[PDB]
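Undergrad: Before anything else, here's the structure in question.
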There are 6 protein chains.
Amino acid sequence: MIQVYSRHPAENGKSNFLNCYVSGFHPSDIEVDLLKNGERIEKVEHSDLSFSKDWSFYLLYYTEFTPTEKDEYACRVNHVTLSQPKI
Amino acid sequence: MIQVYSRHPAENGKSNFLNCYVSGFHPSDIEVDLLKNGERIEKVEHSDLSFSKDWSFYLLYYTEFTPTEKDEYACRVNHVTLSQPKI
Amino acid sequence: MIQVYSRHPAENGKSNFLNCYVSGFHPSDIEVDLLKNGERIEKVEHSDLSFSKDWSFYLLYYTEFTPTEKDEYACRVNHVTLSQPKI
Amino acid sequence: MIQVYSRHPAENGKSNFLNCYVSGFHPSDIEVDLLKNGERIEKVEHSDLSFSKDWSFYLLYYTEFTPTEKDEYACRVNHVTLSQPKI
Amino acid sequence: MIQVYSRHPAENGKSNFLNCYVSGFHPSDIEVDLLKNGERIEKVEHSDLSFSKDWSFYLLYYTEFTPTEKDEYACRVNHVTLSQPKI
Amino acid sequence: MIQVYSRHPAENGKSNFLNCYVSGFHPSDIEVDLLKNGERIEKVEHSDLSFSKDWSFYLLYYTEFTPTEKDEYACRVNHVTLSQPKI
């Protein structure tokens, strides 16, 4: 007998907002599961749940890397109000 | 006997809004599952749930990488109000 | 007999907001699990849950790395108010 | 995996022979069985294998029991030979 | 894994022979069994294997028991030979 | 893993032979068993294997027991030979 009681009442402005510049590897809210709720299981073999192997931002082989850039970031944010009254 | 009680009452402005620039690898809200609720299972073999293997933002072989760019980011946000009254 | 009582009532502005510049490897809110709730399980073998192997920001082989850049970061944030009254 | 190896090579003159007088309750070679060889059985309920309840040779109610008998037992057995050579 | 190796090579003149007089309750070679060989059985309830309840040779109620008998037992046995050579 | 090796090579003239008079309660060679060989059994309840309850040779209620008997036992046994050579 397994009983699970999961509650997530409220979320306000969870993630990734009001950003001038976002880049790169940013996966979010990803759920990978096997036999999350299991009862009376004889066997389970050869399970592979590897998310990734190698993280390399710059991987160059016999390369000539010459980027020229002049980037100006001038984002403006005014009067942002977040309210979560709870009674 | 397995009993699950999952509640998600409210979400307001979850993700990825009011952004000047978004790029790259950003998958979201992805669910991959096998036998999430299982009862009286004899066996389960050779399960592969690998999400990915290799993350490489720049992967170059015998390359001449010469990008010239002049990018100006001038986004403006005014009077953003988020309200979640709860009584 | 397994009983689980998990509660997450409230979240306000969780992560990654009001940022001038975000880059790199930043995955978030990722859950990988195997047999999270298990009862009367005879055996489980050969489980692999490796998230990653190698983290290398700069990985170069026989490379000439000559980037020229003049980047100016001038983001402005005014009058940000976060309120979470609880009664 | 259940393996049963039952051998009964030889029987010679098993029972109830060369008898002058046999009477009464003598049942023989009676086998009563339920699920003699069973594998992976979830449940089994309300099994009744009672052979008998009450043994009463003389059961009399308000009876007048007056038997007169003159019985002579004069059986003769000569030169009975039992041979079971085993090589 | 259950392995049973039962051997009964030889029996010679097992029981109840060359008897002048046999009477009463004498059942023989009676086997009553439930789930003799069982593997991976969750439950088994309410099993009744009672052979008998009450043994009463003389059970009389308000009875007049007056038997007259003159019994002579004159059985003769000569030259009984039992041989079981084993080599 | 349960392994049973039972051997009963030889029996010669087991029981109840060459008897002048046999009476009463004499059951023989009776086997009553439940789950003789059992492996990985969760539960077993309410088992009743009572062979008998009460043994009363003379049970009389308000009885007049007046048996008259003149019994003569004159059985004769001559030259009984039992041989079990083992080499």
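Numbering starts at 1 and runs along the chain as it is shown here.
The deposited model was determined using electron microscopy, 3.4 Å.
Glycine is treated like the rest: Cβ placed from N, Cα and C.
Pulled these features from Swiss-Prot for this protein:
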- E:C20-E:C75: disulfide bond (DISULFID)
- E:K14: glycation site (CARBOHYD)
- E:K36: glycation site (CARBOHYD)
- E:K43: glycation site (CARBOHYD)
- E:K53: glycation site (CARBOHYD)
- E:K86: glycation site (CARBOHYD)
Undergrad: Measure the Cβ-based neighbour count of E:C20 (disulfide bond), defined as the other Cβ atoms within 10 Å of its Cβ.
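TA: Cβ-Cβ neighbours of E:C20 (disulfide bond) within 10 Å number 26.
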Undergrad: Please name which of the recorded positions listed here, E:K36, E:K53, E:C75, E:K86, is nearest in space to E:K14 (glycation site), Cα against Cα.
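TA: Nearest candidate: E:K86.
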Undergrad: Which ones are near E:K43 (glycation site): of the recorded positions E:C20, E:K36, E:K53, E:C75, E:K86, which have a Cα within 10 Å?
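TA: Cα within 10 Å of E:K43 (glycation site): none.
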Undergrad: Write down the Cα-Cα distance for E:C20 (disulfide bond) and E:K36 (glycation site), rounded and given in Å.
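TA: E:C20 (disulfide bond) has its Cα 38 Å from the Cα of E:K36 (glycation site).
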Undergrad: Return only the integer: C-alpha distance in Å from E:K53 (glycation site) to E:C75 (disulfide bond).
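TA: Pair distance, Cα basis, whole Å: 36 Å.
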Undergrad: Just how many other Cβ atoms lie inside 10 Å of the Cβ on E:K14 (glycation site)?
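TA: Looking across every protein chain shown, the total is 23.
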Undergrad: DSSP three-state call for E:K86 (glycation site): helix, strand or coil?
TA: strand
Undergrad: At a 10 Å cut-off from the C-beta of E:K86 (glycation site), count the other C-beta atoms across all protein chains.
TA: 16
